[PDB]
Each structure stands twice: as structure tokens, then as C-alpha cells.
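Below is one structure; the comments refer to it alone.
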Amino acid sequence: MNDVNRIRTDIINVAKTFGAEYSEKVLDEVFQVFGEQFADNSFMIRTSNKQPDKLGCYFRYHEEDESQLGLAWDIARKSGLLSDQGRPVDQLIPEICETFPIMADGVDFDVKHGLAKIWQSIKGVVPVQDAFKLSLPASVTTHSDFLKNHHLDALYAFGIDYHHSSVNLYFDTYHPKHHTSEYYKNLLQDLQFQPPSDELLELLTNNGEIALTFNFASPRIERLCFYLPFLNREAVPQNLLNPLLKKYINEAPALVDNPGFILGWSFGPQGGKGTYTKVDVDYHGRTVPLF
């Protein structure tokens with residue numbers, strides 16, 4: 001609980017230093033219910049630049065303890081922090097947990113609006129076709145051939161986003177093309193998204209995660225996100241960060257001297273919404289050395 005209070009203080013201070021809109025009522029309601037898990041588990045504080053001069057702030061935890069899968073969704077129910085409001089995503093976590101073996105839980109929180117997303121991680125890999133039974137959006141299955149052709153079919157994780165009523169499918173980078181820059185150049189062109197910088201493309205060959213954002217409003221693939229680990233401050237491509245995210249790399253609170261980071265590049269339709277960057281700090285120092 002000494003650990004819990006510190007985390008709370010850190011988060012509110014990040015929000016304040018970096019122009020993020022906090023709400024203390026909401027954060028206190030969050031921590032009353034979840035703070036103990038934040039102390040015991042893989043935990044991240046994220047800032048992101050969807051906005052010009054403000055950075056946004058989020059925070060998230062993942063439970064890998066078998067003995068405690070599912071507890072996250074339950075706690076979120078009974079607390080009333082996550083309320084079944086009959087949005088099309090509200091049925092998805094039961095279905096996933098009924099359909100696939102779970103090996104990891106997790107919740108993401110917005111620092112102004114509270115609980116935002118819940119994530120699930122399948123045991124192995126599974127062909128994305130196996131998720132079409134589920135109540136995903138129609139454009140998942142209507143983009144099944146796209147997903148096959150770009151070798152984005154080895155599905156392993158779901159991220160259910162209640163604030164936007166969207167679903168993020170996480171695909172495993174099993175193919176030789178995934179270790180090449182032209183693959184990513186090609187994939188972003190094909191989706192008609194914002195081109196990546198040459199520097200990014202050079203980085204993307206290192207083995208990281210790929211997530212596609214499918215929407216219940218849209219017949220289209222909405223966003224896309226690449227996620228890459230970095231051991232420490234100095235391995236971070238700070239050139240690819242606006243001044244405010246560079247600052248966040250140096251000042252990011254954690255419980256270790258030099259912490260790891262997980263950076264994430266979001267791409268969307270060209271000259272539209274969706275191209276921003278996410279810096280997540282490995283607050284306990286032992287999520288990033290997970291291969």
C-alpha cells in the first residue's frame with residue numbers, strides 16, 4: 001500500500017507535467033478497486049500525442065497469473081467501473097473467454113474518463129478465422145482475405161475498447177516478410193494510411209507486436225498500431241518523438257533507475273485521424289525483458 005500510494009502520485013504528476021486532463025474523483029474510484037493489482041503486476045504508464053501541445057495519459061496492467069485470470073473483468077463489473085451498457089462490445093469478453101484458453105488479463109484506464117479497454121491473450125496462436133464465430137465487427141470477416149494476404153492471420157490477443165466501441169486484434173509476426181521494411185511500406189500503402197518515415201521502417205523489422213483496430217461503425221479498418229520494446233532511455237529513437245514525448249522519456253516515473261519503454265506507432269487513413277505515437281514506461285522494470 002506504500003507501493004499503491006506512490007503509483008497514484010506518479011500518475012497524477014505525469015498528467016500534470018504533460019498537460020493531460022486528469023480527474024481526481026475518477027482516479028480515486030479506479031485505485032480503490034484496482035490499486036493492489038497495479039502493485040503486484042506488470043504495469044505501464046502511457047503518454048501519447050493525439051493532440052498538439054497536450055500529451056495524453058493512460059495506464060494499464062496485465063495479469064499473467066493463471067490462478068487469477070478473469071478476476072479483472074469481475075472486479076470491473078462489481079465495482080460498477082465497467083457497466084454493461086449494451087454497446088456491441090459488451091458481449092465480447094464473455095465470448096472470448098468462453099471460446100479460447102486465456103493466458104493473460106489486463107485493463108487500460110484513461111486518466112480523465114476511467115476504465116477504457118480490457119485485453120485477453122490466447123494460450124497459443126490461432127487462425128483469425130476461429131474468431132469469426134464471435135461478435136466482432138463485420139469488417140473483420142469482410143477483411144479476412146486482406147488479413148490472409150498480408151499474413152495478419154495468426155491471432156493471439158483481443159483488446160476491447162468500450163470508450164470507442166472498437167476491437168483491436170493482435171497478430172503474430174510469423175512470416176519472413178514481417179522482418180522486412182518493404183512489408184510495412186506495402187501494408188500501409190495498401191491500407192491507404194499515412195506513409196511511415198524511412199527511420200520507422202528501418203526499426204519495424206525488429207520483432208514487435210502488430211494490432212489492427214476494427215470498428216462497429218465503419219466497414220473499414222480504422223487504425224493500426226506497431227509496438228516495439230526498448231531496453232532503456234538510450235535505445236529509444238528520440239528523433240521520432242516530438243519535444244514533449246522526448247521529455248516524457250527522460251522524466252518517466254518508474255521503480256528502477258533506467259526503465260524500459262514500449263513505443264507504439266498508430267497509423268490511420270491518410271490525412272485523417274489515427275497517426276500518433278505512444279510511449280509506455282515499464283514501471284516495475286520487468287515487462288520489457290519479456291521476449
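Rule-based calculations on the coordinates, nothing more; no lab input. Cβ sites come from the backbone with ideal geometry, for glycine too, and all protein chains shown count toward neighbours.
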Q.
When a/c reaches 1.5 or more, the comparison of a/b and b/c decides; with that in mind, is the stretch 19-162 rounded, prolate or oblate per its Cα gyration tensor?
A. prolate
Q) Once you sort the root eigenvalues of the Cα gyration tensor of the stretch 157-253 as a ≥ b ≥ c, which label holds: rounded (a/c under 1.5), prolate (a/b larger than b/c) or oblate (the other case)? A) oblate
Q | Segments 260-271, 135-146 sorted - mean Cβ within 10 Å per residue, highest first | A | 260-271, 135-146
**Q.** Kirkwood hydrodynamic radius of the chain, from inverse mean 1/r over distinct Cα pairs, in Å
**A.** 19.5 Å
Q: Count the net charge of all other residues whose Cβ sits under 11 Å from the Cβ of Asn41, scoring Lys and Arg as +1 and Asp and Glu as -1.
A: -4
**Q.** DSSP loop trypsin sites (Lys or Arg not before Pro) with at most 11 other Cβ within 10 Å excluded, longest remaining stretch of the chain
**A.** 134-272
Q) How long are the semi-axes of the ellipsoid equivalent to the stretch 71-154, from square roots of 5 times the Cα gyration tensor eigenvalues, in whole Å, largest first? A) 26, 15, 12
Q) What net charge is computed for the residues neighbouring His163, neighbours being all others with C-beta under 9 Å from the C-beta of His163, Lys and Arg scored +1, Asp and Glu -1? A) -1
Q. Taking a ≥ b ≥ c as the square roots of the eigenvalues of the Cα gyration tensor of the stretch 214-268, is the shape rounded (a/c under 1.5), prolate (a/b larger than b/c) or oblate?
A. prolate
Q: Please give the net charge around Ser266, taking every other residue with its beta carbon less than 9 angstrom from that of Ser266, where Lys and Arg add +1 and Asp and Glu add -1.
A: +3
